Structure formats: structure tokens, C-alpha cells
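Chain by chain, the residues:
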Amino acid sequence: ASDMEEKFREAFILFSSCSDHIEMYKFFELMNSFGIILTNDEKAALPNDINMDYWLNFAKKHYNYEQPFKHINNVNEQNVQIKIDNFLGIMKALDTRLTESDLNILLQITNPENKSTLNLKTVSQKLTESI
Amino acid sequence: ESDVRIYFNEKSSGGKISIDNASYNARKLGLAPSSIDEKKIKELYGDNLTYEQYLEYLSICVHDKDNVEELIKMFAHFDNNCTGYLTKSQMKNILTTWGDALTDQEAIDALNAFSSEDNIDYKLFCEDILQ
Amino acid sequence: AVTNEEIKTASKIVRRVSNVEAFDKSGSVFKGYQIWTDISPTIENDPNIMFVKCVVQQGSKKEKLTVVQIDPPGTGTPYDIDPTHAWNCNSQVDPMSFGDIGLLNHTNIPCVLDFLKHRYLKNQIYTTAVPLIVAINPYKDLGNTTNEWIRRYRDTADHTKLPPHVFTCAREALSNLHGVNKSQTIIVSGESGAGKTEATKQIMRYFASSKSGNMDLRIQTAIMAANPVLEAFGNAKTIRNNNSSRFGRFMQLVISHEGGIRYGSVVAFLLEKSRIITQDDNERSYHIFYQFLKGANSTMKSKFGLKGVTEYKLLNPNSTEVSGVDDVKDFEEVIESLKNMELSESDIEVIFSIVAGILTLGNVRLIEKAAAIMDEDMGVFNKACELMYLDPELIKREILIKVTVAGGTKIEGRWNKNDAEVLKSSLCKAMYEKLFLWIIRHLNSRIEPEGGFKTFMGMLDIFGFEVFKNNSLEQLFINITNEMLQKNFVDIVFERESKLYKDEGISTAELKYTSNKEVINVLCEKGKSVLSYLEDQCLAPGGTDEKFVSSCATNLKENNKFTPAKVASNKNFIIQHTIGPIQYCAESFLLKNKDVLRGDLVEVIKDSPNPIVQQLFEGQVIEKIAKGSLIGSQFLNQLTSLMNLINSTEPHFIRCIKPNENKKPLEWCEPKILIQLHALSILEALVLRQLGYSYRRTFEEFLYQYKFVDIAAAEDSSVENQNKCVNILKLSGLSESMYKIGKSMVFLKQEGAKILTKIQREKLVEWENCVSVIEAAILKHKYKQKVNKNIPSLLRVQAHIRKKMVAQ
Ligand SMILES: Nc1ncnc2c1ncn2[C@@H]1O[C@H](COP(=O)(O)OP(=O)(O)O)[C@@H](O)[C@H]1O
Ligand SMILES: [Mg+2]
């Protein structure tokens, strides 16, 4: 037994600026912060005005308790290592909201050393510890 | 000074006062203690204070540094458009999630006592509770 | 505060250039798709709001969108907007993460305004739109211009790691000067109350901060001391500004590479003389009058026979006091500042004797006898002249005796009350303006380099384009100055771009230039201009304001730049200025242009026993009026000299914005801010920078950025970096028009760069989920960190709530 409700509540209000309703773009950020990924069809079937209670139910149903951050690295497959500047290249190419500071922080955490490559199993492990 | 001894004697058991009763006396005395002040005197003299330790505690509970500017910081943080206002739900979510979190009834009550309207001037709310 | 004329102007500045992509391939709205609209009940009800944030609803048609307002909070009501009323949104963007407006994906008007707004609200008042620096008045001390901030901006290793600031401009300008031995000019522009004088003073304080001393401290202090002195004598409390500069100011400075002002020169031009005589309600005259009368000691008061602030015809008796302005404390600062300008106690006494004299003369009453001084005021007249070191009998004769030249004979006559009141007023105004100029002239003799400036730092602190209800001659002179400054701006942007392309071997024929040569000519050109015709009418024997307007319409038909008025076609004209059409009122234009002290009165002042009073009109020349004596004629001469000097320098541009008309912090009036964004060419600067080969990055910079467009071509050890780039670009799908390969850089058109960003993103589709989840997980951590910083404060709120509970 490992209830994530209190964490799902706090996360909603960090993204909704403490109001009980959240905008669509910010709901996407919130679900993604818990590793939840939706298809475009699942996105379209969502209510237009998402409230706290709707999210608390959606998170219980969609959150992977066994493997959060399965979309960074899946333990069921194996094929998990990229060069630091290539990873920073991809992060920037996909237009991250993440600043130079944020990225540098992520880098020294998930790569305590200065090893030429970054491990995505280590990224998913570090991010799970931080939940 | 007189009320300090009057309130102590009302809750005193075997010449010593408990931390919960010492904090209650400070509230009765117009002081506003937090878990931090409670943990300070716990670190020094445990959960049962003498009259000397109780007086030293009321000295920690004098937070002269408290004003509208200081208290509004968390509310101001969530007022993204700088209106000087937050809804009752925004403020209830703040008051019940972080810090020495209040119960949902305690928060709802404090807000409902202040205003009848959904949008609260958080500078005026903080000014009111400081009195 | 918001006029309907402001609403009409602001709506004319809005344009829809970027088409909204709200639908997918399937023709379905992107879930949660956000737009900006100018259609909302929030806009009808709040004149401050021009745009609102909406989400396009599932089921919208491409012909008419169905939207719901989300920001400011609304009703949840769906309504329909035409697509010409929807603008792109920069959703999920931190306005504090970068300093230039142009780094935004969408630079439409609602997007620019929002970026500036959210930065302004976080007390980040400086933002660039290269080469311009935008500075929004916070109407509060942010504490960002202290010595700790000067040392920070000056001593920081990598200058590019500092956010935008006026100190960044001061640092860049000083680096280029010493770096390439080239003179620079910092041009500070904006409307009254925008923060120009503050930005100017801030930059001077930056310059006056030396890493390890200034042996020329005596000169620097004299220069720094000019600020209180120039403000006292040339600034006044108007309705729009408690400390409004009523003159244009230019300075040349000699500053060491380490900081420290060594030499300087001050120029003050176009001083509002009319203020000395009358002021509108809720408006004062120059601070000096109030500082002097309120602050002068008993001994000084008895010496000059001073009466109170409410006891002078020249001063409004009802606007004597200003909120947060201590004229007594300011007078003490002014005396100290004059002393630091190396003026003796004797010099300072002459300065204030003349001020006392000007004030006393204003109290002398004239009556109709022909005019005469009231006998009751004959001592008041004598005291005034004694105080101004002028001959009482000779000054009286110039105010009351008229010399007419009928036929070819001089005929002595008398001025009537009205005519004599004008001469007395003219003497008051002339004595003041020349004293103000003498203090500057004296300062310059102490601070200037003996053999002229080799390399200098210029500073211009000037009113921007002015568009009032009634635009007179002063507005015409201001708008003419701003046309010369706009030419300077478009010229340097072009020169800089044209050189870059040339240095890299790219075609300069593709480049665009919008000249204002047409409007400069219609306003200044010798023989064919508003100023040439104003001069001819002033010099003509039967010259009128109506004949001036008529001669303008008759001879300026070659350009649309001159347009005759519709409502009262005579006495009114309209000019097609760069920022749009400005309508002037030619009423009193000839009277205003001729408002310069006449020959014979000047010769009495020159004949004074006092050396300072003898110097006020030094080599003025005796005289009806000659071309070189008219305000506009002297103005165009000075303007050309000033412009030739600036055109020789590397220019820097600070554009100041007044965010509201209430002098309040955190108050944002979009219609007013938009009129300013337009008038200050902030919007044009974005346009200009986006044109042509907008993107330029070194071969290595392009290769790191656009690596995954074609990772094979990018990661090929055999091919050179110049060759790899042509391989990535030829394979991408970009037309050859969209890019050019230079000597050291890849040149891309704005459109080409955006497509190339989108190509690279398609090639890394397998990372989208991974990148989303990492980014969002970090943002959640970052948001909690911002809550953690404020938890000590929250504990205080909670503590007080629980104390108030016990109280019950
Ligand atoms: N950077 C600033 N920080 C704080 N207050 C400012 C700033 N700039 C201007 N102000 C305020 O606005 C007023 C008007 O600004 P001012 O520099 O005189 O503008 P301008 O010369 O364009 O008329 C000031 O007297 C001051 O109260
Ligand atoms: Mg000024």
C-alpha cells in the first residue's frame, strides 16, 4: 500500500496556482511530472474544465506506481546512454521551458561525475527518488 | 506581566507547564507561536517547562519582525497578475497544504470570518490577523 | 484617465500579421489551444485591458472561432470571434528567462505587451528590442541602481550573464569607446514622466564610479553637481510629472576605462520661457523659485526683501506645495551644488539677487495713463532693477517709451498697458533664461578640455515625439528633433546590417530602408519647408499666422507629408510624421517664433556695472528682427550642429515608457503603453531585425543547434564545417532563397530557421515523451522550491490565525 493522493493534490495546486481548476496546457505538464503520457485521442476526450477531483481520479488510474518515469527508461526492455551535449541538444531542440540553470542542476544530480555520457536508467531513478 | 503568571497557574501541573499549554498561553497573551518556536524550546527543555523556561519561551514568541509585507509573501507568490487578491479556494489550499497546515474547516472559517466575498484582499486579511 | 482618442489610436496601432494554427490535419482544434483576442466584456468594462487570453473550443470552424476567456478570469461562456481577431500566444514561456523581446516565438502586439507586463510585475523594467533598450517606469525605488549594482555591472567578468539594465548600455558604450577609439552617444527618449532624467542620472553615477580613484574628482563633482542645479532652474511640477524637464539636454563626457569623469560639457536647449510668467492650475513654475523663497534664511530674505511663495504674481498661489518635495532641503542641496561648480559666495549672491529681482519685477503693476508704473509700485520697480543690477531709469524708458519708424523717421511714442506688460514679461523671461545659460556657460569653463574633445561619451535627454490635443511651435520643434533621431536610428540599423552582409559576402541589394527624408525636407529644407515659410512670415512686414498656413499649402504640394486641415483649414495644418499624422495649430506661431528680447533693452543689460549681468547677453548684436534672431532659425542651426556631432558617434538608444497616468507602481495601462511602443519604434525594431537573413550563427553554432536535422551529415569527420552546413541545408527541404553560406556564418531567413527547427523536432519524435516527463518533473521541483522560500512567512500567517482562534 502506497497512496500518492497528498502528492497528486500538492502537484495540482503548484501547477494551478492554488486554484481548484487547472488550464489544459498546465494539466499536461502536471500529468507528465508523474510520468503520465496521453495519446492525442485521450487528450481530446478530457473535460475542458479539469478540477482537482477529476485529476485525483485520473492520476490514480494512469500513474505507474511500479515504474514511474517508464517513459524515460523501461526496465522491461533493457540501450540506455546518450552523450551529454547530444542530450542537451535534444532537450533544446524540443523547445524546453527548462533554463540553463535547471538543466545544469539536472546534470550534476543524474551525472554526479563528468562522464562523457548520461544514463537514462539513472535519470529515471533520480527523478523517482525526488517524487 | 501579571497575566503571564495568572495564565501559567491555570495550566501549571506540579510547578511545570506543557508546551501545548505554554503555546496556548502565548496565544491568550497576543503572541503568535509556530512549530519552529515550539521545536526551539523542545531542544532546550523538553515538553515540560519551569516558570523560568516558560518566560524564556514567551520571549521567543515575540515576533516583532511580523508585518503585512512579511506575512503576504506566500499569497503574493500565487498572485500572478498582481491584483492584490486571491480567491477563498486559493488561500484555503495554501493554508492547508504547506507549513503548520490548518484543517480545511479551520482555514474555511478564518477566511469566512474575514470576508463574505470569494476574492480576498490578502494584504487586508494579514493586517486583520496581526491585530 | 484613458481617453477615447487613446482607444482610437491604440486600436489603429494593432495589426493581425500572424495567422493562428488552431486545427490539426484532421481539422480538429488542438486540445487547450490558447489565443489572444481584443473581443471581451473585460475590455469594454476596463479601458486598461486591450487583450484577453482565450482557449479555442472543441468544435470551432476555421471561418469563426468559438473561444472561452481564461485570463483574466471569466464566466466560462463560449462566444464567437472572427479569425482576424485571434493572435498567437507564447504559452508556457518564462518572460524572465531572456532579455530580448525578439527571442519570443510570437512577437505580435498582445505577445509583446504580455512579455513586458509580466517582467514589469516582477520588477524587471529593462528589456531590449535590439538596438533599443526599453525602460518602464516602476514609480518606486527598486534598489537596482545602488553602488552595489554599479560595481556588479562594471566588475562582472562575462557581461552577457547580466540581465538588461541602463548600466549594460553604459558599460557597452564605454567598452566600445575605449575598445575601438570611437565616440558614443547614449540617447534617452520618452514622454513626460517616462523616467528619462532618472535613467540619465543613473548612467552618470555609473560613469562616476572608478575602480580605484579619480584624480580629476573636482571636475566630476562639478558635473555631478549640475543635476540638482539644472533641475531647480529648468524642471517644474506639471500635471503629468512632479519633476518635469522643460528643456532638452546634451552632455559630452571624458570617462576613464576604469570609471571616473575627467572632462565634460553641458548644453541646455529649448527652455520653456512661458513658465516663468504663467502656470496652469495644479502646476508650478521652476523649482528654484519655491526652493529660494521657502529656504532662504532671515538675512537673505531681508537683503532681497523677499515676500512669501503665495505673494508673487509670477507664481501660482495655489500649487506652491508638492507631495514628497521638500523645497527647503532641496535649496540646501542647490547651494552646495553651486559651490561644487566652483562658484564663489559673491557669484551665488548675484544669482539669487537676479532671481529675487525677476520675482519683484513681476509684482510691479502697470496702469493706463499710454502706460505708467503705479506710484505705489515705483519702489517695487526700483528694488527689482537694483536686484538685477540694471539701470532703473533706462529700464523704465524701454518698457514705457516706444520708438516707431514711420516713413524713414524715428518717432517717440508710448506703449499702452497691454504692450508694456509684454515688455516687462519679456524682460523677466529673458533675464531668467540667460541666467540659466550663464550658470551652464560658467560650469563649462571649469569642466571642458582646453583643446576640445578627442573622443567623448555623448548623452541626450530629450522629450520623444509629442502628440497633444493642441500642438504648438514647441511640439513642432520636438517632433523635428525626433525626426532627425529616427533617421539616425534607421541609418545605424542599416549601416550595421549592410556591413555584416558585406563582411560575410552576402548581397546587400536584398536589404530594406524606409527613409523619412521626405518629412525631414517638408519640415527643414531651405526654401521648401514649414520652417523656411515660418521665417519668411516672421520677417515680412504684414506677416500673419493664416498667411503662413496658406503659403505652406500653396508651395508644399509635391509630398503628402504636408496635408491641410479639415476642421478650420486656416490656422491649422497636419504633418505625416514617421509615427503617423500630427495636427498643429499655427495660432500664435509668429508671436512665439519672435519671442526674443529686442535690441535696445539688451544694450541696457549689457551696460550693467555687474560682470555676471554684463555676460548674460555677451555679443548678442543690436536690433526689426533678422533671420538669425528668430527661435526657429537658431533652433535649426543648433539642431544641425547637434546632429552632425551625434552622427559622428556610435549611437545607443534608451526608450522610456510611462505605464500609467497615475504615478503608481504595478499599474499597467495597455492602450497608453501601446501608443508608446509604437511612438518609440519598439515595434518597428522587431520588424527590422526580423527582415532578410535574420538568423546568423557560426558554422559550429549552427551544427550544435541543427545537429539532428540530418545527424549523418552533421557527424561526418571527412567534410569541413562549412561543407557539413551546405549538406544539412540541401538535404533539409529549405529553398535556396531561405539560406546563404557566408565566410564564417550560416545566414537564414526568419521563416527558414523556423522550418529547420520544425524539421529537427520531427527527426527527434521518439524523444518527445522523454523530454516532456524530464522537463515537467523538474518544473514541479522548481515550483516547490519557490514555495519553500515562502514557508517561513506562511508559518507566521498560520501562527496568527491560531492565536486569533484562542482569542475567540
Ligand atoms: N528608474 C526609476 N525608478 C524609480 N522611479 C523612477 C524611475 N524613473 C523615473 N521615476 C519616477 O518617475 C518620475 C518622472 O521621471 P523622470 O526621470 O523625470 O521622467 P522624464 O524626464 O521622462 O519626464 C521621477 O521623478 C520618479 O518619481
Ligand atoms: Mg527629464
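- What the entry reports as its method is X-ray crystallography, with 2.5500 Å given for the resolution.

- As annotated in the PDB entry, chain C is Myosin-A from Plasmodium falciparum.
- The record for the entry shows the title "Plasmodium falciparum Myosin A full-length, post-rigor state".
- Its UniProt record gives chain C a comment under Function, which states: "Myosins are actin-based motor molecules with ATPase activity. Unconventional myosins serve in intracellular movements. Their highly divergent tails are presumed to bind to membranous compartments, which would be moved relative to actin filaments (By similarity)."
- Taken directly from UniProt, the Subunit (literature references left out) text for chain C runs: "Component of the glideosome complex composed of GAP50, GAP45, MTIP and MyoA; the complex is formed during the late schizont stage and in merozoites. MyoA, MTIP and GAP45 probably form an initial complex in the cytoplasm which is then recruited to the outer face of the inner membrane complex via the interaction with GAP50. Interacts with ACT1."

- For chain A, the name recorded in the PDB entry is Myosin essential light chain ELC, with Plasmodium falciparum as its organism.

## Quick word on the overall build of chain A
- A count of helical and extended segments in chain A gives 7 helices and 2 strands.
- Along the chain direction, N to C, the helices and strands of chain A fall in the order α-α-α-α-β-α-α-β-α.
- When each of the 131 residues of chain A is scored for burial, the buried share is 49%.
- Entry remark: accessible area of chain A is about 6,800 Å², with carbon and sulfur atoms responsible for 43%.
- Positive and negative side-chain charges of chain A, numbering 13 and 19 respectively, have mean locations separated by a distance of 6 Å.

## Observations concerning the domain arrangement of chain A
- The domains assigned to chain A are domain 1 (5–62) and domain 2 (82–129).
- Here domain 1 of chain A and domain 2 of chain A have C-alpha centroids that lie 25 Å from each other.

## As for the sheet that holds strand β24 (residues 745–748) of chain C
Residue and element names in this part refer to chain C.
- Spatial ordering of the open sheet is given by β22-β24-β23, a layout of 3 strands whose pairing is antiparallel. Single-partner strands in this sheet number two, and they are β22 (695–698) and β23 (739–741). Taken pair by pair, the neighbouring strands of this sheet meet at an average axis angle of 15 degrees, ignoring direction.
- Sheet analysis places β22 next to β24, joined by 4 bridges and oriented antiparallel.

## Section: the UniProt feature "binding site: ATP" in chain C
Residue and element names in this part refer to chain C.
- Residues annotated in UniProt with the feature "binding site: ATP" correspond here to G190, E191, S192, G193, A194, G195, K196 and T197.
- When you line up the elements, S192 lands in the loop between β8 (184–190) and α6 (196–207).
- Here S192 falls in the partly exposed class, since its relative accessible area comes to 22%.
- The contacts of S192, once residues within four sequence positions are left out, are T238, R240, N241, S244, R246 and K658.
- Polar contacts involving the side chain of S192 include one to the side chain of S244, which spans 3.4 Å.
- Inspection of the secondary structure assignment puts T197 in helix α6.
- Overall, the relative accessible area of 12% leaves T197 in the buried class.

## Some details on the state of the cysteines
- Per the counting criterion, the structure on display carries 0 disulfides over all chains.
- Of all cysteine sulfurs in the structure, the one in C126(B) sits closest to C18(A), which takes part in no disulfide; the separation is 14 Å.
- Given the relative accessible area of 0%, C18(A) is considered buried.
- Just so you know, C538(C) is unpaired, no disulfide at all, and the nearest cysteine sulfur is the one on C552(C), 12 Å from it.

## So, the site of ligand 1
All names here are of chain C.
- The immediate surroundings of ligand 1 are formed by 15 residues, with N137, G193, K196, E198 and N241 found nearest.
- Contact distances for ligand 1 include 3.5 Å between an oxygen atom and a backbone N or O atom of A194.
- Between ligand 1 and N243, the relevant distance is 3.5 Å, taken from an oxygen atom to a main-chain nitrogen or oxygen of the residue.
- Considering only residue class, the shell around ligand 1 consists of 3 nonpolar, 8 polar and 4 charged.

## Overview of the pairing of strand β15 (residues 401–406) of chain C
Residue and element names in this part refer to chain C.
- In this structure, β15 lies alongside strand β16 (residues 409–414), joined through 6 bridges in antiparallel fashion. Considered in β16, the bridge of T404 is made with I411.
- Hairpin geometry of β15 and β16 is characterised by an intervening segment of 2 residues between the two adjacent antiparallel strands and by a positive phi of about 75 degrees at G407.

## A short note on helix α10 (residues 327–339) of chain C
Residues and elements named next belong to chain C.
- Helix length check: α10, at 13 residues, gives a terminal C-alpha distance of 18 Å against a target of 18 Å (1.5 Å per residue), a fit within 8%.
- As for α10, its buried residues are in contact with α7 (217–234), α8 (287–295), α9 (298–304), α11 (345–361) and α14 (417–447).
- Near the N-terminus of α10, the side chain that reaches the backbone nitrogen of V328, with its oxygen 3.4 Å away, is that of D326.

## A few points about the packing of helix α1 (residues 5–16) of chain A against helix α29 (residues 768–788) of chain C
- Where α1(A) contacts α29(C), the two axes come as close as 10 Å, and the packing angle between them is 85 degrees. When the axes of α1(A) and α29(C) are compared, the pair comes out roughly perpendicular. Here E10(A), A11(A), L14(A) and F15(A) of α1(A) lie close against α29(C), whose contacting residues are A776(C), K780(C), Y783(C), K784(C) and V787(C).
- Tallied by class, the residues present in the contact of α1(A) with α29(C) amount to 6 nonpolar, no polar and 3 charged.

## With respect to the nonpolar core
- If you look at the biggest cluster of nonpolar residues, it comprises 196 residues, and the most contacted ones within it are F207(C), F233(C), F352(C) and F548(C).
- Discounting residues that sit within four places of it in the chain, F352(C) has contacts with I288(C), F292(C), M300(C), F304(C), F331(C), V334(C), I335(C) and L338(C).
- With 97 residues, the next largest nonpolar core counts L30(A), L38(A), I50(A) and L86(B) among its residues.

## Some thoughts on the coordination of the magnesium ion (ligand 2)
- Each protein donor to the magnesium ion (ligand 2) is listed here as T197(C) (OG1) and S245(C) (OG); together their distances run 1.9 to 2.7 Å. Taken as a pair, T197(C) in helix α6 and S245(C) in strand β10 (residues 244–245) lie far apart in primary sequence, 48 residues in all.

## A word on the packing of α1(A) against helix α2 (residues 24–32) of chain A
Residue and element names in this part refer to chain A.
- Close contact between α1 and α2 brings their axes to 9 Å; oriented N to C, the two are set at 145 degrees. Crossing angle aside, the handedness with which α1 passes α2 is right-handed. Packed against α1, whose contacting residues are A11, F12 and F15, the element α2 presents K26, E29 and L30 at the interface.
- Considered class by class, the residues forming the contact of α1 with α2 number 4 nonpolar, no polar and 2 charged.

## With respect to the packing of aromatic side chains
- If you walk through the whole model with that rule in mind, you get 48 aromatic pairs over all chains.
- Both rings, one in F292(C) and one in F352(C), keep their centres 5.1 Å apart while their planes meet at 35 degrees; by these two values the pair is tilted. Linking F292(C) in helix α8 with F352(C) in helix α11, this pair joins segments that are 60 residues apart in sequence. Each of the two residues, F292(C) as well as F352(C), counts as buried.
- Between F562(C) and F573(C), the ring centres sit 5.8 Å apart and the planes meet at 10 degrees, which makes this aromatic pair stacked. Separated by 11 residues along the polypeptide, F562(C) in strand β18 (residues 562–564) and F573(C) in strand β19 (residues 572–577) bring together distant segments of the chain.
- The exposure class of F562(C) is buried, given its relative accessible area of 6%.
- Residue classification places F573(C) among the buried positions, given a relative accessible area of 0%.
- Above the ring of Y290(C), the side-chain terminus of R284(C) is found at 4.1 Å from the ring centroid.
- Above the ring of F34(A), the side-chain terminus of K780(C) is found at 4.0 Å from the ring centroid.

## Comments concerning the interface of chain A and chain C
- Taken residue by residue, the interface counts 45 residues in chain A and 37 residues in chain C.
- Between chain A and chain C lies a buried interface of about 4,000 Å² when both sides are counted; carbon and sulfur atoms form 68% of it.
- Considering only the side of chain A, the residues that lose the most area to chain C are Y25(A), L94(A) and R97(A), jointly responsible for 21% of the buried surface there.
- Inspection of the chain A/chain C interface yields 3 salt bridges.
- A salt bridge links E715(C) to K83(A); the shortest N-O distance between them is 3.7 Å.
- Where the side of chain A that touches chain C is concerned, the elements lending two or more residues are α1, α2, α3 (40–44), β1 (82–83), α5 (84–93), α6 (100–110) and α7 (120–129) of chain A.

Thresholds applied
Residues numbered from 1 in each chain as written, not as in the entry; some residues may be left out. Chains lettered and ligands numbered in written order. Heavy atoms only, no water. UniProt positions renumbered as here; feature names shortened; annotations may be inferred. Helix = DSSP H or I, 4+ residues; strand = E, 2+ residues; numbered from the N terminus. Buried < 20%, exposed > 50% of the residue type's maximum accessible area, 1.4 Å probe, protein only. Areas by Shrake-Rupley, 256 points an atom, 1.4 Å probe, with all protein chains shown as cover. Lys, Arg positive; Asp, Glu negative; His and termini not counted. Charge placed at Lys NZ, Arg CZ, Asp CG, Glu CD. Domains from an automatic or database assignment. Pairing = 2+ DSSP bridges. Axes fitted to C-alpha atoms, helices over the stretch in contact; angles between N-to-C directions. Contact = heavy atoms within 4.5 Å. Polar contact = N/O pair within 3.5 Å; in protein donor to acceptor, adjacent residues only side chain to side chain. Disulfide = S-S within 2.5 Å. Near = heavy atom within 4 Å. Nonpolar A, V, L, I, M, F, W, Y, C, P; charged D, E, K, R; others polar. Expected span 1.5 Å × (residues − 1). Parallel < 35°, antiparallel > 145°, perpendicular 65-115°, else oblique. Core = buried A, V, L, I, M, F, W, Y, C linked by side-chain atoms within 4.5 Å. Donors = N, O, S within 2.8 Å, 3.2 Å for Na, K, Ca; no water. Left-handed = near helix turned anticlockwise from the far one by under 90°. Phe/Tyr/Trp six-rings, centres within 6.5 Å; stacked < 30°, edge-to-face > 60°. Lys NZ or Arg CZ within 6 Å of the ring centre and 35° of its normal. Buried area = accessible area lost by both parts, 1.4 Å probe. Salt bridge = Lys/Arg side-chain N within 4 Å of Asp/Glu carboxyl O.

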